[PDB]
Amino acid sequence: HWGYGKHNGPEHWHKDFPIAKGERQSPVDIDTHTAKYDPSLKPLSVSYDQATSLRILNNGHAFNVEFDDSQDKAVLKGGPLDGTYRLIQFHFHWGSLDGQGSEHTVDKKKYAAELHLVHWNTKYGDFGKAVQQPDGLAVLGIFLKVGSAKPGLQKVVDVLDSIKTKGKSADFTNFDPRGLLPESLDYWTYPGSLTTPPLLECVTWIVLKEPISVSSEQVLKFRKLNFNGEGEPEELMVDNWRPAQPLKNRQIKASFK
Ligand SMILES: [Zn+2]
């Protein structure tokens with residue numbers, strides 16, 4: 001099926017998922033000098049105090065840290081968002097080298113990786129219904145650069161050896177996602193899509209201006225994961241990112257000057 005290789009990567013997705021060439025595809029390049037400051041944007045409200053993590057899974061494309069979203073335990077509100085969006089999972093996209101890995105770019109600059117905290121609009125009842133709406137999801141994107149280690153990420157790094165291959169999962173309770181955020185919540189926002197098939201155009205993207213720093217040792221462990229399943233020929237899980245897509249008829253707004 002779809003992947004990130006030469007024969008099943010981003011260049012091939014449109015054949016099975018024609019929306020890949022759609023009206024509001026993601027990611028995109030954020031031209032900082034074209035984005036418009038919007039003084040009407042309310043402050044971003046990240047409420048992860050009651051977040052309940054449950055499990056970490058290698059799905060063959062990346063690894064997902066899943067949360068209990070049966071209640072408003074961990075939510076994202078404010079900013080360009082109307083209503084309440086519940087955290088369901090987070091995952092990353094990274095490269096084979098420190099010079100690439102992020103999906104969104106800033107003035108064409110590629111970061112080592114990108115963290116995506118996925119939330120769905122509670123007005124729609126469940127995640128499956130939400131992805132069918134233009135304002136169904138809100139994904140908080142955070143860039144990762146290589147420098148000093150991120151203490152709040154180590155717990156994630158330590159468990160990767162237990163989910164090396166596709167289909168593997170491990171219990172991952174009591175993890176605090178607040179430890180993955182930068183100091184500032186300044187952000188850019190625009191209407192987009194899921195960056196992986198089915199590429200549904202149901203996402204309000206909120207990309208933070210300030211990247212978080214992770215150590216070389218931490219990202220190296222991400223690169224030891226496998227796209228393949230147990231017993232199969234090893235395919236290192238690297239460069240699982242979709243390149244920037246045409247902005248087309250869209251405007252990127254900034255929460256800061
Ligand atoms: Zn993602």
Side-chain angles (χ1 to χ4, degrees), residues 1-5 8-10 13 17 19-20 22 24-30 46 48 53 55-67 69 74 76 81 85-96 100-106 110-121 127-128 130-131 135-145 150 153 156-157 160 163 166 169 172 175 177 180-182 187-208 211-212 214 219 222-223 225 227 237-245 252:
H1 210 12
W2 72 272
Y4 293 98
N8 67 352
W13 299 351
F17 306 97
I19 196 58
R24 50 180 285 179
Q25 289 290 292
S26 295
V28 303
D29 174 59
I30 301 293
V46 183
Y48 294 169
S53 61
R55 183 187 69 159
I56 196 304
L57 167 75
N58 178 327
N59 60 24
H61 302 111
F63 63 85
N64 296 167
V65 169
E66 317 167 335
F67 291 74
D69 61 331
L76 183 67
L81 306 175
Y85 289 70
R86 290 184 190 168
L87 175 65
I88 176 174
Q89 61 105 306
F90 74 69
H91 60 275
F92 303 76
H93 295 270
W94 61 92
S96 51
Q100 66 180 197
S102 66
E103 298 205 300
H104 290 88
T105 53
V106 181
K110 294 184 175 70
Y111 281 93
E114 192 173 322
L115 163 63
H116 288 164
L117 290 136
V118 188
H119 314 74
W120 55 276
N121 199 324
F127 184 81
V131 299
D135 62 346
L137 303 184
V139 182
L140 181 59
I142 299 77
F143 296 117
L144 275 65
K145 60 177 295 181
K150 188 67 172 179
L153 177 64
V156 172
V157 173
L160 297 185
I163 60 161
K166 181 177 60 183
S169 70
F172 204 65
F175 177 75
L180 300 172
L181 309 173
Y187 64 84
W188 289 287
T189 184
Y190 75 99
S193 74
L194 298 176
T195 66
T196 68
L199 303 167
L200 301 176
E201 305 183 315
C202 61
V203 186
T204 288
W205 278 94
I206 296 71
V207 180
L208 299 188
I212 55 170
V214 295
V219 303
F222 274 40
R223 299 174 186 145
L225 286 166
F227 278 127
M237 186 178 275
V238 297
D239 292 315
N240 52 353
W241 51 277
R242 185 190 195 193
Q245 305 297 303
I252 297 179

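These values consider heavy atoms only, across backbone and side chains, with no hydrogens, waters or symmetry-generated copies. As the structure lists them, so they are numbered: ligands from 1, and atoms in each ligand from 1. Along the sequence shown, residues carry numbers from 1.
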Tell me whether the centres of the aromatic rings in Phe92 and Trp241 are closer together than 6.0 Å.
no

CD1 on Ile19 to CZ on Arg24, rounded to 0.5 Å
9.5 Å

Partners meeting ring-ring contact (aromatic ring centres under 6.0 Å, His included) with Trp188 (sequence neighbours left out)
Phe256

Which atoms of the protein, restricted to N, O or S, are nearer than 2.8 Å to the Zn ion (ligand 1)?
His91 NE2, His93 NE2, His116 ND1

Side-chain ion pair, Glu66 and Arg55, N-O less than 4.0 Å:
yes

Validation row, ring centre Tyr48 to ring centre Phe67 under 6.0 Å
no

Aromatic contact between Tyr4 and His93, with the criterion being ring centroids under 6.0 Å apart: yes or no?
no

